[PDB]
Amino acid sequence: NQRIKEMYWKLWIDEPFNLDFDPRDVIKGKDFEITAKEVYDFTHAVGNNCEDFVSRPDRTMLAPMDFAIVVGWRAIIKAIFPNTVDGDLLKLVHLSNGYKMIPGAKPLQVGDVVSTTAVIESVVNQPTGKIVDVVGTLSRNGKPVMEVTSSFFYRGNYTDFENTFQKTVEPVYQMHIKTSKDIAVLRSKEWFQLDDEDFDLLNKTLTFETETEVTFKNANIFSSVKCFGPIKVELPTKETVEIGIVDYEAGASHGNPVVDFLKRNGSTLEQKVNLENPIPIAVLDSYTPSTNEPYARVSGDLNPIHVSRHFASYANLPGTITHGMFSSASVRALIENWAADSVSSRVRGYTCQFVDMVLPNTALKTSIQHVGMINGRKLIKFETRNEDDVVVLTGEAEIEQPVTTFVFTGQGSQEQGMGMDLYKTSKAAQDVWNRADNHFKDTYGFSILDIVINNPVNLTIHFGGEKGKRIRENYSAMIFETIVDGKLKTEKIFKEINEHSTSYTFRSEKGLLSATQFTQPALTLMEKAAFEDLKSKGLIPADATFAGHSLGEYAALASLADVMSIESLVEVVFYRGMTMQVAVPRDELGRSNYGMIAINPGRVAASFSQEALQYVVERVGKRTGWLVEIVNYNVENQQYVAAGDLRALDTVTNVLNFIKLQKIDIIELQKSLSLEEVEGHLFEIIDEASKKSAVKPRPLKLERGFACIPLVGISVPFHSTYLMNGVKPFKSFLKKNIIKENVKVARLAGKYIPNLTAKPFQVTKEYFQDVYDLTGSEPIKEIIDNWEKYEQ
Amino acid sequence: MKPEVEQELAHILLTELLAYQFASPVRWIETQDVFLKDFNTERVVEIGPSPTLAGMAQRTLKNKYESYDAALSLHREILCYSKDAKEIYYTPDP
């Protein structure tokens with residue numbers, strides 16, 4: 001065996017031959033500077049057609065993950081050499097080879113110098129032989145980029161339990177302390193030592209960065225187990241701090257108590273969801289090459305058994321067996337073409353288990369399947385079978401889904417029985433709905449679930465008993481802090497509700513599911529529940545962007561940001577709803593002289609753009625003396641929603657209908673014919689339109705223009721200047737309800753797209769200044785003035 | 001900048017945003033020029049009861065991202081949760 005290590009050293013290792021080294025001592029491989037030649041040669045050897053690994057000018061030439069062995073192999077194989085790990089290298093089996101790009105590591109560039117480091121974990125003496133699993137940690141610019149995990153096997157009889165050991169870094173486990181017996185359980189646990197013994201654990205999530213060192217006596221008996229690591233708590237800021245230690249030490253153990261605890265009373269950090277049916281991607285025929293020399297030269301794996309007839313024959317192998325890692329890389333390349341959509345960056349990980357042996361010039365067939373997800377990364381199961389109908393290779397491939405931007409639907413889209421099926425079928429759906437339902441019943445004594453299901457016409461709220469008192473209490477709490485002449489004009493909602501009000505009636509014309517204070521919770525609630533179902537399925541990429549239309553923004557930020565909880569969401573969205581219901585004068589029917597028109601700029605005229613309609617609404621609003629503006633810039637020159645006065649909507653509809661009937665453009669006549677003529681010539685059209693619009697009663701029906709479409713049942717002018725006065729109370733609410741801690745900038749940063757400023761959420765002096773210009777505010781003006789004081 | 005200072009700044013920035021989104025015109029065009037163009041979004045999922053923002057994302061694409069997208073060979077998926085739940089869940093019928 002020592003001569004066999006010597007000779008494999010000469011063919012493999014480029015160091016001075018000495019096997020006298022500690023396996024437990026971490027191995028450092030020499031820097032391997034990647035070159036575009038070595039990538040090109042390796043890509044042609046493996047048969048990689050991907051454009052990512054082609055040397056195209058301007059763009060930075062990506063590195064195939066397969067090449068990660070060429071850098072690493074030097075250190076990786078080197079782990080099998082020690083006089084501690086004795087065995088014949090000829091009857092060495094490559095069992096499993098795993099590559100995992102650590103999340104945040106961009107794939108290797110062409111000008112990189114990669115630091116190679118390998119550590120020896122799993123030296124287990126099986127009755128069948130000796131399994132050695134070694135962890136190769138590869139780093140660029142000091143930061144780890146990928147992990148190279150290799151499991152190797154010595155065939156024979158290894159009763160070497162003295163130097164047998166297991167040094168696994170046990171996964172972290174979160175433990176939610178809701179009940180009083182749970183803290184009783186952890187305090188009953190001897191190994192749970194705290195920094196401060198008095199530390200309250202109630203409503204806390206405790207993580208254990210625990211790792212276990214086991215020395216063996218037998219194949220199952222562990223001669224000594226040392227399971228230890230720091231116990232941290234998730235703080236309200238969601239920073240982690242060490243509050244205790246696990247320092248479990250025992251002798252003749254048959255297993256770990258902590259692991260048994262965890263499989264009954266511990267929850268794994270990561271679960272890989274399953275699809276009902278594995279999606280059939282493809283079944284692709286791989287073929288081994290006539291010679292392994294073009295792969296062996298680039299790879300540096302100079303085991304003659306792959307090339308040498310005489311070696312293969314001495315080893316009882318049926319021929320010069322093709323490099324398994326060759327066929328592995330060849331099959332991933334097919335995963336990259338088919339399941340990575342011809343992208344190298346979409347690969348996270350790739351594990352390949354070599355089951356059977358493969359010879360040169362064989363007709364393999366690879367059955368690929370899309371089986372699963374895990375936190376936005378698709379799970380791909382591939383198996384490789386030979387002509388003999390024998391499965392030779394297995395493997396799993398975690399693949400990142402690309403950028404998926406979310407758009408959350410606003411109001412008007414509400415219907416009866418919306419999201420009922422999902423409410424029955426999904427667990428997370430049930431949980432969202434039930435949580436929001438319980439909040440509404442304990443807080444405001446109504447079932448939003450009742451209202452979405454059946455939509456009562458009128459809904460009574462009875463303050464009849466002890467329960468009725470706590471409901472009525474907060475029904476006096478909501479107010480309008482409206483700004484009128486610089487002084488707070490506080491208007492409480494439901495002036496009728498007082499200390500001697502026993503019952504109030506929510507009154508709708510057709511059904512209370514139409515009134516915005518019930519649309520907004522219902523819409524938002526369903527969307528949240530649906531997204532929680534998507535997250536329980538793990539189908540949401542973490543790189544995703546997200547925006548909303550009017551109301552949807554609140555649903556989008558609640559979902560993708562988790563800035564405000566379900567009880568926070570419902571209270572703020574219901575506050576919005578009633579704050580926009582009672583920001584306008586209404587009647588018994590809840591009819592206000594306000595609404596919206598979705599205007600098609602191309603319909604009135606193709607040459608009619610969005611700067612022409614912005615001029616038309618700016619001139620109509622001043623000439624009429626009514627209030628209307630553009631509130632939603634939906635599609636460029638195809639749909640602009642204008643909210644304002646019902647007479648102001650009707651006159652603008654008449655103006656744009658007459659302009660289309662006359663077939664005259666305002667942009668041609670203003671710049672090309674006469675200057676400041678179409679201004680006084682527009683005011684006669686606006687007069688003509690406004691005199692007919694005003695005559696019609698205050699509850700006038702909104703009718704469809706040739707460009708314009710009437711938003712049905714929009715009493716409120718949402719996003720209009722009309723409710724700029726209602727901003728002062730809403731901000732006063734938002735500061736009380738959104739918390740310092742609960743905002744996570746990184747999870748917001750470049751991901752949340754606000755409706756005011758359609759620029760990714762960024763915390764920089766330029767973005768605050770852009771917000772201050774777009775709408776002046778004393779907090780952000782103060783912050784930009786005092787910017788350099790918050791940095792230090 | 002300190003963590004808790006940034007948590008103060010990001011909260012007050014959010015309170016501003018929602019408070020004025022309350023009563024200000026939504027520049028939804030420039031969001032559609034952020035994620036479709038600048039981020040080059042390859043999947044548009046409308047989390048809604050009815051596909052409308054799917055309609056506005058599609059009509060933005062076939063107007064000003066018909067020639068820009070086909071040059072980069074990128075495949076846009078205009079999804080809404082209401083109609084294309086199959087494709088978001090990835091559950092094709094045989």
# chains A, B, ... in the order shown; residues from 1 in each chain; ligands from 1
>>> residues_around(residues="residue 33 (chain B)", least_positions_apart="4", cutoff="10 Å", atoms="only C-alpha atoms", output="PyMOL selection string")
(chain A and resi 758-759) or (chain B and resi 28-29+37-40+60+64-65)
>>> closest_atom_pairs(of="chain A", to="chain B", cutoff="7 Å", atoms="only C-alpha atoms", output="tab-separated table")
residue	atom	partner	partner_atom	distance
A:402	CA	B:42	CA	6.6
A:403	CA	B:41	CA	5.1
A:404	CA	B:43	CA	4.3
A:405	CA	B:44	CA	5.1
A:406	CA	B:45	CA	4.9
A:407	CA	B:46	CA	4.6
A:408	CA	B:47	CA	4.8
A:409	CA	B:48	CA	4.8
A:413	CA	B:50	CA	6.0
A:414	CA	B:49	CA	6.9
A:418	CA	B:49	CA	6.8
A:527	CA	B:47	CA	5.9
A:539	CA	B:89	CA	6.9
A:545	CA	B:35	CA	7.0
A:630	CA	B:25	CA	6.2
A:631	CA	B:25	CA	3.6
A:632	CA	B:26	CA	4.6
A:633	CA	B:27	CA	5.0
A:634	CA	B:28	CA	5.4
A:635	CA	B:56	CA	5.9
A:636	CA	B:29	CA	6.3
A:718	CA	B:23	CA	6.5
A:719	CA	B:23	CA	3.7
A:720	CA	B:23	CA	5.2
A:721	CA	B:23	CA	5.9
A:723	CA	B:23	CA	5.6
A:724	CA	B:23	CA	5.3
A:727	CA	B:19	CA	5.4
A:730	CA	B:19	CA	5.6
A:731	CA	B:19	CA	4.9
A:734	CA	B:15	CA	5.4
A:735	CA	B:15	CA	6.2
A:738	CA	B:11	CA	6.8
A:739	CA	B:11	CA	6.9
A:740	CA	B:7	CA	5.3
A:741	CA	B:7	CA	6.1
A:743	CA	B:7	CA	5.9
A:745	CA	B:10	CA	6.6
A:753	CA	B:31	CA	6.5
A:754	CA	B:17	CA	6.8
A:755	CA	B:26	CA	4.9
A:756	CA	B:26	CA	5.6
A:758	CA	B:31	CA	4.7
A:759	CA	B:31	CA	6.9
A:763	CA	B:10	CA	6.6
A:790	CA	B:5	CA	6.6
A:791	CA	B:1	CA	4.4
A:792	CA	B:1	CA	6.5
>>> atom_distance(atom1="CA of residue 324 (chain A)", atom2="CA of residue 343 (chain A)")
23.6 Å
